[PDB]
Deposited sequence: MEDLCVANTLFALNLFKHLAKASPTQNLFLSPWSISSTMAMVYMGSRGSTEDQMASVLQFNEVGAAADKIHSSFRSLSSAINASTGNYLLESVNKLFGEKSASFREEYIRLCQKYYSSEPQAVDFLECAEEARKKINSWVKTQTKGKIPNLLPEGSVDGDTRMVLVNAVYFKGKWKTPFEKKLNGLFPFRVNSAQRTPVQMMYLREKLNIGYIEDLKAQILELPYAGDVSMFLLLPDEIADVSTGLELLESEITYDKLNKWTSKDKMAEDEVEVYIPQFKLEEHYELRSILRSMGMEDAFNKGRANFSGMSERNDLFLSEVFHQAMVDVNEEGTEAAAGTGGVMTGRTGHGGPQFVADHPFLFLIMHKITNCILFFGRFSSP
């Protein structure tokens, strides 16, 4: 599997984020994060570099080449969906970065390095950066960098933007509300979508969860993991025991068999913002964020940089867009209680997006 490091990192990141946010809706693009952090890693040296390699799961020496190849695959023209990943480097106009870093970053990340005036016009630069991301995401991520995130000490902002719009291979019927069980003391009504279709469905006994694949048109699918636990979300077991080995066997090998499935899932939309320094530090990436210990001499031979924060913003809008059967003997997948979901690029086996839906 040519995306294994990114998937290992995605699951560990999810777990660490789940300590910060144990029960509420969560949604992120681990692909986006990995690509941003690979650009930052290119610039790192010494212990900073060593820690980043461990954390990003590169140790589990042609890392940048892999990113370019994965990125080409994800960006490959299809008529089946819109899917775009783009990297961008914004640099202080008066700073002098290593020519080899600027060259190699463009070569492997296509980040089109661009000068901006953090030193004297940090707020305008913040705005320019946000506006760039806004465009790349078709308006969906309008203000990536919050107020106060960039200042006269900022020297570089490394950015990835990812955009996906697809239709289901088979449309859902909008049921024209069902109680969604939020926790043992709360049910909330949600708009359900229904589909009866030939679909891959299985059960992961180690995680006590059903798994369902809902394909988009083209080689992207959403996988849903639905526990069948606790008095809270019902996800504790799944979230703590999920691993690469456990998941990959079911998403990417052929443990799932096709059957006629009656599927009920909510129509939902999430928008989540994270600041990942604390999470990343907790994962083992300490020196990068340590103003006195960081080594980014790959980016500048003056060795006068550190990573102050990693801002992530992600959103998803899930809806219906894509006779005479009355038996109900076979499989049901009724997502009326919390579940994990991920959007998988099937060719690369990369996880593009990963989330927990728990609260309508």
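Student: Need the unmodelled segments of the deposited chain, numbered from 1, in order.
Tutor: Those stretches are 1-2, 63-67, 184-185, 238-239, 334-344, listed in order.
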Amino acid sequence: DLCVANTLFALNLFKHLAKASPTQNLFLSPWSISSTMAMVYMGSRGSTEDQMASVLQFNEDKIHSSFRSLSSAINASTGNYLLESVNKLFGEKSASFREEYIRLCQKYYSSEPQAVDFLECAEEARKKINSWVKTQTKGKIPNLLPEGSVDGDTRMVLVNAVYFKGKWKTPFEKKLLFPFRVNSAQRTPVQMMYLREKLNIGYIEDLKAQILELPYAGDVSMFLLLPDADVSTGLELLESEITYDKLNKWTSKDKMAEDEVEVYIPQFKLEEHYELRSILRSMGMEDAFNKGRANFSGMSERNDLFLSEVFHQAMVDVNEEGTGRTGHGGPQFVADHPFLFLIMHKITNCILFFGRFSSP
From here on, numbers count along this sequence of modelled residues.
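Student: Averaging CA B factors per stretch from the PDB record, which one is higher: 72-80 or 215-223?
Tutor: Taking the mean C-alpha B-factor of 72-80 and of 215-223, the larger value falls to 72-80.
Student: Tell me which of 124-132 and 280-288 has the higher mean C-alpha B-factor in the deposited entry.
Tutor: So the stretch with the higher mean C-alpha B-factor is 124-132.
Student: Which one, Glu60, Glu49, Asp317, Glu309, has the peak C-alpha temperature factor per the PDB entry?
Tutor: Highest C-alpha B-factor among the listed options: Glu60.
Student: Reading the B-factor column of the entry, which of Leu235, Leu104, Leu158, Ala257 has the highest value at its C-alpha atom?
Tutor: Highest CA B-factor of the listed options: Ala257.
Student: Classify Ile347 as lowest, middle or highest third according to the C-alpha B-factor given in the PDB entry, relative to its own chain.
Tutor: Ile347: CA B-factor falls in the highest third of its chain.
Student: Looking at the temperature factor on the CA atom of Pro266, which third of the chain's modelled residues does it land in?
Tutor: Its C-alpha B-factor belongs to the middle third of this chain's values.
Student: Considering only modelled residues of the same chain, in which third does the CA B-factor of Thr36 rank: lowest, middle or highest?
Tutor: For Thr36, whose C-alpha B-factor we compare with every modelled residue in the chain, the answer is the lowest third.
Student: Quick check on the deposited entry: does the C-alpha B-factor of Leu8 sit in the lowest, middle or highest third of its chain?
Tutor: According to the entry, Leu8 has a C-alpha B-factor in the chain's lowest third.
Student: By the record's CA B-factor, is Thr323 among the lowest, middle or highest third of residues in the chain?
Tutor: It belongs to the highest third of the chain when residues are ordered by C-alpha B-factor.
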